[PDB]
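Just one chain follows, in the form deposited in one PDB entry, and it is written as structure tokens.
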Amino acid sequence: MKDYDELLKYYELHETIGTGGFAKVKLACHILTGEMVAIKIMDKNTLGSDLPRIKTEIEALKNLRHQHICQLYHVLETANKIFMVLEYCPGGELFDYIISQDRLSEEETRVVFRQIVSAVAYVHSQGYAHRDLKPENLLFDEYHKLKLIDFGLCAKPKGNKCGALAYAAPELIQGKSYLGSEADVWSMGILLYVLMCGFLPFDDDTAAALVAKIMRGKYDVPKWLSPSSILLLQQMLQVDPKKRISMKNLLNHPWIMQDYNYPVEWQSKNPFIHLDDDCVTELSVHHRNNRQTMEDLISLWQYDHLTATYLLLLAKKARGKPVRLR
């Protein structure tokens, strides 16, 4: 099977999780390292209008590297297919966690929300806005840690020139000039509300009635919400993006800090410079090449088999497993 020749040199294929529209996900094992991955297989003759979104997502994931962002390891392409080798996320969607139970307690919400804030503060530090923050776009890994996905609508608000209406900021609906970041803080406000309430702050049977409600910015505060939760919600759900809470004040907000008593740690634990010597040395022995050639090659970050082997070795080291290539 043609479209699979190159992929099978590097990965041993396990079960198909399934197929939705143009995209199939298959579990696989990276041969050199033994690590489990998810492979997103996209058919080019089915993808159509979504091809530019696929390219936008790939460009963003090449440049973003964080403990709460689903990691891209490898991009492969044939006549008919684009393959994205991605971080293994068996825990399902935050959406599934919400619908499976009545509303989350303030405490359960904070555990999850502090991870969302970490990811988004990092995205913004890199000059990006995600623009499609919603619970279907947050996955749990096997350590029950959240991983942001679906960067197909993302942009660089200060660089070279969105999704579910219920999560969209007023200024984003009305198509305004902005610093862009502020719209993601509104979407995080919506997520905070839905997590603690089990329903949206703005919802309706028609798109025109929903738009009007978002523009109005009036929402109910249920009796089970604490005063602390109400105060944070008012600061995030400001219709005026200039009056809305900054990422800086969100990171050490009293609600965020409750029970933890330290601010959100958003800085990435996974660098682009600052290579891991153990991994570089082990790659050098496998490829029978000198360390410095190896460093120069890794630093190109081509998202080829080398990028994948380096990143999965680094993942294998973080587990506690030996830093060894088979």
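The term rigid core refers to the maximal set of C-alpha atoms that superpose within 1.5 Å between the two forms. We number the residues from 1 along the sequence you see.
A second form of this protein, the form deposited in another entry, is not displayed here; the remarks below concern that form.
Remark: with the core as the superposition reference, the CA shift of residue 10 between the shown form and the other one stays below 2 Å.
If you fit the rigid core between the shown form and the other one, you'll see the Cα of residue 302 move by less than 2 angstroms. Note: residue 79-residue 22 Cα separation is 3 Å or more longer in the other form than here.
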